[PDB]
Amino acid sequence: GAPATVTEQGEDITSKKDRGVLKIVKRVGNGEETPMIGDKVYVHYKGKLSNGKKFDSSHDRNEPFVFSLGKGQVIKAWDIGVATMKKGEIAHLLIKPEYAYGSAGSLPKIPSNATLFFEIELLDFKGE
Ligand SMILES: COc1cc2cc(c1OC)OCCCn1cc(nn1)CCCOC(=O)[C@@H]1CCCCN1C(=O)[C@H]2C1CCCCC1
């Protein structure tokens with residue numbers, strides 16, 4: 001499936017080069033600009049545990065998910081990944097636990113040492 005493709009084709013976008021955040025661009029976006037720390041970011045996403053026991057979709061709320069980049073309002077993998085994205089871009093992220101919810105997890109929803117997958121569309125970003 002899409003997660004395996006990211007394991008095999010995904011770019012390692014971590015500073016440490018520890019394969020903790022792997023990325024495939026699925027649809028190229030527009031312009032050269034990628035968001036800066038502090039920017040207000042608008043996305044649609046679908047997310048799952050790599051074992052697919054818990055699926056989540058902004059589409060199920062029919063409304064963008066909105067967050068300020070780089071403030072740790074979201075897991076570290078999103079601060080890293082969405083920062084690399086162009087407006088209009090769709091990307092797949094595969095995320096080791098270190099960059100998601102870790103050894104502790106987020107029970108009962110997310111188990112210890114969980115690998116996460118997302119598809120993310122960057123709708124827009126704007127300055128603080
Ligand atoms: C650990 O708790 C949740 C995790 C996840 C989704 C959650 C969580 O319940 C709070 O609610 C879905 C309802 C909408 N929504 C998203 C958020 N808050 N409310 C951001 C919460 C923080 O989430 C994250 O940092 C990441 C990135 C942004 C999208 C959501 N993320 C998740 O980890 C998802 C999780 C749900 C299970 C499948 C894997 C993704």
Side-chain angles (χ1 to χ4, degrees), residues 1-7 9-31 33-52 55-70 72-75 77-86 88-125 127:
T5 300
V6 179
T7 295
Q9 315 294 337
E11 163 173 345
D12 182 352
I13 61 162
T14 65
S15 296
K16 282 162 162 170
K17 294 288 187 265
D18 60 19
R19 297 180 47 88
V21 187
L22 303 170
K23 185 192 185 189
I24 304 178
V25 180
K26 300 302 292 176
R27 189 228 284 167
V28 180
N30 311 95
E33 199 114 52
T34 61
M36 294 294 180
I37 294 182
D39 279 353
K40 185 188 191 164
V41 177
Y42 297 80
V43 306
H44 276 302
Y45 73 94
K46 307 197 251 190
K48 61 176 172 164
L49 299 182
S50 68
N51 59 24
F55 193 95
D56 173 36
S57 188
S58 64
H59 285 116
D60 296 334
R61 292 166 293 258
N62 201 50
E63 78 169 18
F65 172 79
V66 177
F67 68 105
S68 293
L69 184 71
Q73 276 174 15
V74 291
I75 60 171
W78 274 48
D79 280 336
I80 290 162
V82 179
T84 70
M85 294 180 64
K86 297 180 186 188
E89 190 179 308
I90 307 175
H92 285 177
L93 297 183
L94 190 67
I95 305 161
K96 293 182 181 171
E98 294 76 20
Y99 295 85
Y101 298 92
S103 46
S106 187
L107 283 170
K109 182 173 309 285
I110 312 288
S112 291
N113 300 136
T115 291
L116 305 209
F117 177 87
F118 297 81
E119 183 176 276
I120 305 169
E121 184 192 353
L122 180 56
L123 301 166
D124 200 7
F125 56 91

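Start at 1 with the first residue, then count along the sequence. Counting convention: from 1, in listed order, for ligands and their atoms alike. Side-chain atoms are counted along with the backbone in the values below, which use heavy atoms only and exclude waters and symmetry mates.
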- prompt: Counting only heavy atoms not in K17, do more than 12 fall under 6.0 Å of its NZ?
  reply: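 Yes, enclosed.
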
Crowding at CG, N62 (>12 non-hydrogen neighbours, <6.0 Å): no

- line: Out of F118, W78, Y101, the nearest non-hydrogen contact to atom 23 (O) of ligand 1 is supplied by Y101

- request: Could you name the option among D56, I120, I95 that has the heavy atom nearest to atom 5 (C) of ligand 1?
  value: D56

message: Check this for me - ligand 1, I75, N or O atoms closer than 3.5 angstrom, yes or no?
response: yes

field: With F117 via ring pair (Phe, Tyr, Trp, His ring centres under 6.0 Å) - residues at least two apart
entry: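 With neighbours one apart ignored, the set is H92.
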
Please list, in number order, the atoms of ligand 1 under 4.0 Å from a heavy atom of [X].
X    : value
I110 : 37 (C)
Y45  : 16 (C), 29 (C), 30 (C)
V74  : 25 (O)
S106 : 1 (C)
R61  : 13 (C), 14 (C)

message: Test of understanding: given a 4.0 Å heavy-atom threshold, classify the contact between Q73 and ligand 1 as side chain, backbone, both, or neither.
response: neither

query: With backbone taken as N, CA, C and O and side chain as the heavy atoms from C-beta onward, which portion of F67 lies under 4.0 Å from ligand 1: side chain, backbone, both, or neither?
result: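 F67 to ligand 1: no contact under 4.0 Å from either part.
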
message: Evaluate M85 against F125 for side chain to side chain contact (heavy atoms under 4.5 Å, CB included), listing each step before the verdict.
response: CA-CA 10 Å; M85 294 180 64; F125 56 91; over 6 Å; no

- prompt: Is the shortest distance from a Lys or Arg side-chain nitrogen in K23 or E89 to a carboxylate oxygen in the other one below 4.0 Å?
  reply: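 Counted as a salt bridge, because a side-chain N and a carboxylate O are separated by less than 4.0 Å.
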
task: Apply side chain to side chain contact (heavy atoms under 4.5 Å, CB included) to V41 and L122, showing your working.
output: CA-CA 8 Å; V41 177; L122 180 56; 3.5 Å; yes

task: May I have the step-by-step check of side chain to side chain contact (heavy atoms under 4.5 Å, CB included) for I24 and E11, ending in yes or no?
output: CA-CA 7 Å; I24 304 178; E11 163 173 345; over 6 Å; no

